[PDB]
Amino acid sequence: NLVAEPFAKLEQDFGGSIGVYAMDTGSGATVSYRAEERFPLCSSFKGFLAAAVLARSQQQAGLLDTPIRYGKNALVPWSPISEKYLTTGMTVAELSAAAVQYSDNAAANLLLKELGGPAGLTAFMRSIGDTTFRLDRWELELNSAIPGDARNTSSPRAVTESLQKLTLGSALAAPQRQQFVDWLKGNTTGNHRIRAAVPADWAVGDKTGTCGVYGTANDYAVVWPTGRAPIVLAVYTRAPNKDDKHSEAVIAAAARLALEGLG
Ligand SMILES: *C(=O)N1C[C@](N)(O)CC[C@H]1C(=O)NC1CCNCC1
């Protein structure tokens, strides 16, 4: 597979495994490398979490507008938004933006509670036709990234297919699809991943994940090239040793090869 050779060289230099899926929604063209292998989700579940909350918000009138009045017991390390609004509370919409754009852990856990926990998010992903996605822990308990553990994993292909359904397809009603897209476009944590691979003129929405252990980190994105239909892509990494370091540069490099390989 000549298309695959640069991805194999990249993951060999990195000391692990890289999984890539990219789909051009204009051509139908794809690039695939280990696309159906499982990789840890890490914080990247929070994008799908926000989409599941938007889906619920379609039939639960005013759900997104609902103030959640949480206590200190709800706070988690790296909850910089939730900690700031601890007096006044946050709406479900504000919690969703914090979870997506800052990876706020308390916000992610409050939204998981809205859905019936990790099992509720998994059930939402099954409802849109994703059979690969698995989540069974709350933050910060889903991040062990142990090689061969299928818990708290998905595949680059399933992530890309689900992201397309939610951001571009019909899995959400249009006003909810639009809110999901705007949350992803405002992500603050992905500047060195897929965003570093795309021409500066192209709009990007993304969500990152970083377990760090076992060289584990990821990003998925919708990309709007000038004058073209969007591209959806996912890049996930892992490595065999607990102290193997993740690399943002390797994720950006894999994203460039994906864009270069599209027909
Ligand atoms: C998400 O992937 N994520 C990283 C972690 N190591 O798994 C811990 C939980 C979560 C997180 O808190 N990310 C923050 C992103 C912004 N800087 C602080 C960490």
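Below, all heavy atoms of this structure are taken into account, side chains as well, without hydrogens, waters or symmetry copies. Quick note: residue numbers are just sequence positions, from 1.
Side-chain atoms of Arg69 come within 3.5 Å of backbone atoms of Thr88 as a donor-acceptor pair (strictly under, hydrogens ignored). Remark: the backbone N or O of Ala173 is paired with a side-chain donor or acceptor of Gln58 at under 3.5 angstrom. Counting only distance, with no hydrogens or angles, the side chain of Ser27 and the backbone of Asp24 share no donor-acceptor pair below 3.5 Å. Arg126 places a side-chain N or O within donor-acceptor distance of the main-chain N or O of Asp130, the cut-off being under 3.5 Å. For the pair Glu114 (side chain) and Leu111 (backbone), a donor-acceptor distance under 3.5 Å is absent. In terms of modelled atom types and a separation under 3.5 Å, the side chain of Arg151 and the main chain of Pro40 share no donor-acceptor contact. Panel note: side chain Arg238, backbone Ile18; no donor-acceptor pair is recorded below 3.5 Å.
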- Task: Go through the steps to decide whether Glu5 and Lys9 satisfy the test salt bridge (charged side-chain N to carboxylate O under 4.0 Å, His left out), and finish with yes or no.
- Result: CA-CA 6 Å; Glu5 287 178 349; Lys9 182 60 155 89; over 6 Å; no

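Exactly one of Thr210, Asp219, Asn218 qualifies for a side chain to side chain donor-acceptor pair (under 3.5 Å) with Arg193. That residue is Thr210.
Among all heavy-atom pairs drawn from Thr25 and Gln164, the shortest one is CG2-CG, 4.4 Å.
Linking ILVMFWY side-chain heavy atoms closer than 4.5 Å, directly or via other members, places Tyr236 and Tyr214 in two distinct hydrophobic clusters. In terms of hydrophobic clustering, with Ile, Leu, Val, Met, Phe, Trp and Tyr side chains grouped at heavy-atom distances under 4.5 Å, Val53 and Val76 are assigned to different clusters. Both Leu115 and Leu110 are members of a single hydrophobic cluster when ILVMFWY side chains are connected at heavy-atom separations under 4.5 Å.
Using a 3.5 Å distance cut-off with no hydrogens or angles, the side chains of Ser162 and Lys165 do not pair a donor with an acceptor. Residues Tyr33 and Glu11 have side chains that bring a donor and an acceptor to within less than 3.5 angstrom of each other. Under the 3.5 Å distance criterion, with hydrogens and angles disregarded, a donor-acceptor pair is assigned to the side chains of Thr189 and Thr208. Between the side chains of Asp201 and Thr226, no donor N or O sits under 3.5 Å from an acceptor N or O.
In this structure, the side chains of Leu163 and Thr160 stay at 4.5 Å or more apart for every pair of heavy atoms. Put simply, the side chain of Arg34 does not reach to within 4.5 Å of the side chain of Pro156, judged on heavy atoms. Side-chain atoms of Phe14 and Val250, non-hydrogen and from C-beta on, do get closer than 4.5 Å to each other.
In this structure, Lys46 pairs ionically with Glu139, as a charged nitrogen and a carboxylate oxygen lie closer than 4.0 Å.
Ring-centre distance between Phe124 and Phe133: not below the 6.0 Å cut-off.
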